[PDB]
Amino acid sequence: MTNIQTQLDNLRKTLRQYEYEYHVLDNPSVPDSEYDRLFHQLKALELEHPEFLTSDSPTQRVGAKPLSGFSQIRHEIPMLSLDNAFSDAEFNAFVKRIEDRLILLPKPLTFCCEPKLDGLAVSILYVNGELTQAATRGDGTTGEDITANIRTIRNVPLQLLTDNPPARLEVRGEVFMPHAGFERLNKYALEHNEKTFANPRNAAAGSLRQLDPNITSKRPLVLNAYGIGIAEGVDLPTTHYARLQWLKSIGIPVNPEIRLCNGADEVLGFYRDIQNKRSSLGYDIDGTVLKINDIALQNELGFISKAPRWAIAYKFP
């Protein structure tokens, strides 16, 4: 035991906890100045005792060197996109289809309802609680390695906030740029004779395809987790909403507008409520993602790859 090792450990724990309160709970227990005091105390002590510097320390989010190019990552589990609907009647047709298709239709049929964030879909792998890799969705089978860029995102923990993390956990979510950060970015870019972005989605896409993580760090990106891919060494909750509450409880940011709704009519009320809040959210949304909450029912229903909306195979019983 040394006093330096203990001070480093204590500072790291305290800082990760403050990052959780600020970023995930939106309820910081200390002012930003106090967080920064401890942050640059940690940074200086590590630099004076580099034998104790860890790769997942709060001070190590930015790789000091730009990359040459992005490597490709093949997802172990396919990463899905979403089919869409443009009206209440079309949404009702989607529900009616599920109701007939299910072996046993529960009473009620519960949906996890989420805002549809207009950003870039990503996969972030935690091995024994440590962030080891991150990839873009790509085509759903293969994506690009954006690990270094994802590490710069302030609300993405470099380590899970739990003493018993799973052996492996893949978090899936959307990276997006809120309105305030987007407005600042364009003001700065116009002042410094640099290129402006047309909308926050383009700004987030561009920021994540940047090869220098020093540049990504200056871009105000945020993650909101919406699902789980790989999960080894953990009994994941059996409902989608509980899985999200679980990710939040171990350090992962989740959108606070998510709600449970029973049946199509309550779901359409959620859709209208979010449609009315659009103006007040502070980030861009495209619509709502409506998900069957029960995981066993998701597994039964399954997914479809490269299928026309203009044809169907009516199978014989």
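Under this definition, the rigid core comprises the largest set of C-alpha atoms superposing within 1.5 Å between the forms. Numbering starts at 1 and runs along the sequence shown.
In summary, of the stretches 160 to 168 and 100 to 108, 100 to 108 shows the greater Cα distance from the shown form in 7 other deposited structures of this protein, with structures fitted on the rigid core.
Taking only CA atoms, the mean B-factor in the PDB entry is higher for 191 to 199 than for the other of 191 to 199 and 214 to 222.
Checked against the record, the higher mean CA B factor of 18 to 26 and 301 to 309 lies with 301 to 309. Considering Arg168, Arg184, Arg243, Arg154 together, the PDB entry gives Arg184 the largest C-alpha B factor.
Out of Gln60, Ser249, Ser33, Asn276, the entry records its largest CA B-factor for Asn276. Ranked within its chain, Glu51 lands in the middle third, by CA B factor from the PDB record. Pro106: CA B factor in the highest third of modelled residues in this chain (values from the PDB entry). Ranked within its chain, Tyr271 lands in the middle third, by CA B factor from the PDB record. In this PDB entry, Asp235 carries a Cα temperature factor that places it within the highest third of its chain's modelled residues. In the deposited entry, the Cα temperature factor of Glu174 places it in the lowest third of its chain's modelled residues.
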